[PDB]
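Q: I'd like to ask you about the structure that follows.
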Amino acid sequence: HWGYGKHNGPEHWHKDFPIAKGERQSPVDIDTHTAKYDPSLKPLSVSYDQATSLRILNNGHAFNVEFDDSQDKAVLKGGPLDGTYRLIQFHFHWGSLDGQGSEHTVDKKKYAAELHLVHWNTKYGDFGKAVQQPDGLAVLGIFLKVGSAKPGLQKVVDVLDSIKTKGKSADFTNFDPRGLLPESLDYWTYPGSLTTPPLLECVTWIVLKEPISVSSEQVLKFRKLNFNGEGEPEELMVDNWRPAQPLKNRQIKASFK
Ligand SMILES: NS(=O)(=O)c1ccc(CCN(Cc2ccc3ccccc3c2)C(=O)CN(CCC(=O)O)CCc2ccccc2)cc1
Ligand SMILES: [Zn+2]
């Protein structure tokens, strides 16, 4: 099955998922001089005050912090979006070294990691329906660079030892995702896809310009996770990122001058 190794990694995915070579694949390089300011874009509205986190899961590709999305509790609206998008989960992609790990790049720069806050358009009723629609999902992407610690990340870091291997989960209630945001909500936006199989072209990407800083100790703990299940030879969960894909006939728009 698909993964991030030499024999099952991103260059192989197209054999099982031919949309990997499609017309609106993600991630992409954000060329900051070619992205055009769109004065028509609204400010993002990130309304996470009522978020209800439930569980954290190692799924063998990353770890997901899952939320109660049975009601409009934590939602993303505004910006390029029409309607209301409910937060279902967040996860990260990261590298084996600080110089790689992000999926999007900025003028070819790779960050140490990238946070994806995944939301689905409530007009489609459930996430599985939403992923079949060109406007079904909105993923808020936030870059991580290594420097000072991010206090709001530490509760995530400290539970990772309890979910070291594929298929392990742990209770993860009362986590506030507002503690993972940078100060500014300036962003780039473009139409794209899921960055893992099935690579469905259902995502409005909203990538924040301002990275958050995390400490070396925090990211080192990400890199102690395992792709493998318990009782299997250890394969460190590192470099779980897809590289930039062709932009093709797309425009990246900036919310800011
Ligand atoms: N990096 S990213 O771009 O942000 C990014 C990349 C990938 C994803 C996830 C895609 N994903 C796999 C999937 C999704 C759809 C598929 C459709 C057909 C065939 C295979 C598929 C595989 C799921 O969410 C699986 N969920 C089950 C795992 C769980 O519940 O833990 C379905 C949840 C669900 C909810 C309601 C109805 C049905 C399903 C998100 C973000
Ligand atoms: Zn992701």
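Here chain A follows Swiss-Prot for its numbers: 4-260, in order, are the residues you see.
According to its header, the structure was obtained by X-ray crystallography, 1.3 Å.
Backbone N, Cα and C define each Cβ position, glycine as well.
Relevant sequence annotations retrieved from Swiss-Prot are reproduced here:
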type	residues	note
ACT_SITE	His64	active site, proton donor/acceptor
BINDING	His94, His96, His119	Zn(2+) binding site
BINDING	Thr198, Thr199	substrate binding site
MOD_RES	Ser165	phosphoserine
MOD_RES	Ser172	phosphoserine
SITE	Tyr7	site 'Fine-tunes the proton-transfer properties of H-64'
SITE	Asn62	site 'Fine-tunes the proton-transfer properties of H-64'
SITE	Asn67	site 'Fine-tunes the proton-transfer properties of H-64'
Q: Near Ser165 (phosphoserine), which of the recorded positions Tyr7, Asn62, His64, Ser172, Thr199 can be found within 10 Å, Cα to Cα?
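A: So the list reads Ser172.
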Q: For the recorded positions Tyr7, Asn62, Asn67, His119, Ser172, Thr198, which residues place their CB under 6 A from an atom of ligand 2?
A: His119, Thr198
Q: Long-range same-chain neighbours of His119 (Zn(2+) binding site), Cβ under 8 Å, sequence gap at least 6?
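A: Listed in sequence order, they are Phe93, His94, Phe95, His96, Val142, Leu143, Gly144, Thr198.
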Q: Given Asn67 (site 'Fine-tunes the proton-transfer properties of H-64') and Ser172 (phosphoserine), what distance in Å do their CA atoms have, once rounded to a whole number?
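A: Per the Cα atoms, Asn67 (site 'Fine-tunes the proton-transfer properties of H-64') and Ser172 (phosphoserine) stand 9 Å apart.
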Q: Please report the three-state DSSP label of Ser165 (phosphoserine).
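A: The residue in question, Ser165 (phosphoserine), is helix (DSSP, three-state).
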Q: Pick the one among the recorded positions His64, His94, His96 whose Cβ has the fewest other Cβ atoms within 10 Å in this structure.
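A: Ranked by other Cβ atoms within 10 Å, the recorded positions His64, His94, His96 bottom out at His64.
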Q: Write out, in the order they occur in the sequence, the residues of the chain not among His94, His96, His119 that have a C-beta within 8 Å of the mean position of the C-beta atoms of the recorded Zn(2+) site.
A: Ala65, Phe93, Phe95, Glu106, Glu117, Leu118, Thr198
Q: With DSSP assignments reduced to helix, strand and coil, which class does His64 (active site, proton donor/acceptor) get?
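A: Its secondary structure by DSSP: coil.
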Q: Which residues, sitting 6 or more apart from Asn62 (site 'Fine-tunes the proton-transfer properties of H-64') on the same chain, put a CB under 8 Å from its CB?
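A: Set apart from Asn62 (site 'Fine-tunes the proton-transfer properties of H-64') by at least 6 residues yet with Cβ under 8 Å, we have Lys169, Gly170.
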Q: Roughly how many angstrom lie between the C-alpha atoms of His64 (active site, proton donor/acceptor) and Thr199 (substrate binding site)?
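A: Answer for this pair: 9 Å between alpha carbons.
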Q: Could you round the CA separation between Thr199 (substrate binding site) and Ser172 (phosphoserine) to a whole angstrom and send it over?
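A: Here the two Cα atoms lie 20 Å apart.
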Q: Non-local Cβ contacts of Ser172 (phosphoserine) (under 8 Å, 6 or more apart, same chain)?
A: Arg58, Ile59, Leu60, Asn61, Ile166
Q: Taking a cut-off of under 6 Å between Cβ and any atom of ligand 1, tell me which of the recorded positions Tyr7, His64, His119, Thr198, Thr199 pass.
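A: The ones that qualify, in sequence order, are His119, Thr198, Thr199.
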